[PDB]
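This report refers to the structure that appears directly beneath it.
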Amino acid sequence: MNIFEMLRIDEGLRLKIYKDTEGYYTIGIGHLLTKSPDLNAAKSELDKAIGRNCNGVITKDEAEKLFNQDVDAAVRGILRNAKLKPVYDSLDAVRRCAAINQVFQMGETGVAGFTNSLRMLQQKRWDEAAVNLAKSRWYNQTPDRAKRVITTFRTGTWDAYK
Ligand SMILES: CCc1ccccc1O
């Protein structure tokens, strides 16, 4: 297991524009195109992202290319965020993957409410962190995925991903 395999499980792979769990136009391995309800705006973002006229469909290679960029962006983002970087750098490599996963799903604004979880994670209070992480819109809206990511934070193992 690694961050790519982990996110591939959590995000799936779809080669045609689809709506994610929040109803937003998405493609590939959880590549968010736009929060706009306009399918044409999503097709425009797709064409811009890939550099050709895709008419809402891409190849596996193109999906994986966006995925590589998106994972990279998630990590570089964390490292640029003064609240996230110190916690991320305190973690072991497995728990870092849980952090990348969460930011990939939610974005940095998405994780702004996680201040108390962040402190517990930096303190290595793993069970307490795990309890706090589940008290969230995140957990309630995507419980099966959140349970996996939380188990990863709690244990520093890949047990939740088999
Ligand atoms: C709250 C979990 C977490 C830890 C460290 C960095 C990002 C992140 O979302």
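Every chain in the structure tokens takes a letter, A first, then B, and so on in the order presented; its residues are numbered from 1, and the ligands are numbered from 1 following the presented order.
Listed by chain and then residue number, the contacts of ligand 1 are residues 84, 87, 88, 99, 102, 103, 111, 114, 117 and 118 of chain A (distance at most 6 Å, using only C-alpha atoms and all ligand atoms).
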Residues as selected, C-alpha atoms, written as a PDB file, in the first residue's frame, can you do that?
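Generated file (result22.pdb):
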```pdb
ATOM      1  CA  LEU A  84      -0.872  21.687   8.707  1.00  0.00           C
ATOM      2  CA  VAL A  87       1.422  18.225  12.284  1.00  0.00           C
ATOM      3  CA  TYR A  88       2.193  16.482   8.995  1.00  0.00           C
ATOM      4  CA  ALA A  99      -3.468  13.321   6.038  1.00  0.00           C
ATOM      5  CA  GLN A 102      -8.173  13.850   3.876  1.00  0.00           C
ATOM      6  CA  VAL A 103      -6.813  16.986   2.125  1.00  0.00           C
ATOM      7  CA  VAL A 111      -9.808  20.846   7.137  1.00  0.00           C
ATOM      8  CA  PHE A 114      -9.989  20.110  12.447  1.00  0.00           C
ATOM      9  CA  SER A 117      -7.875  16.722  15.891  1.00  0.00           C
ATOM     10  CA  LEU A 118      -4.656  18.332  14.610  1.00  0.00           C
TER      11      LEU A 118
END
```
Residue set, chain A restricted to strand (DSSP E or B), as a PyMOL selection string: chain A and resi 14-19+25-28+31-32+57
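Comparing the minimum interatomic distances between residue A:92 and each of A:137, A:152, A:76, A:128, counting only C-alpha atoms, we find that A:152 sits nearest.
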Filtered DSSP result for stretch 87-139 of chain A, state helix (DSSP H, G or I), as a VMD selection string: chain A and resid 87 to 90 93 to 110 112 to 122 126 to 134 137 to 139
Nearest candidate to residue A:8 (options A:21, A:105, A:44, A:141; using only C-alpha atoms): A:105
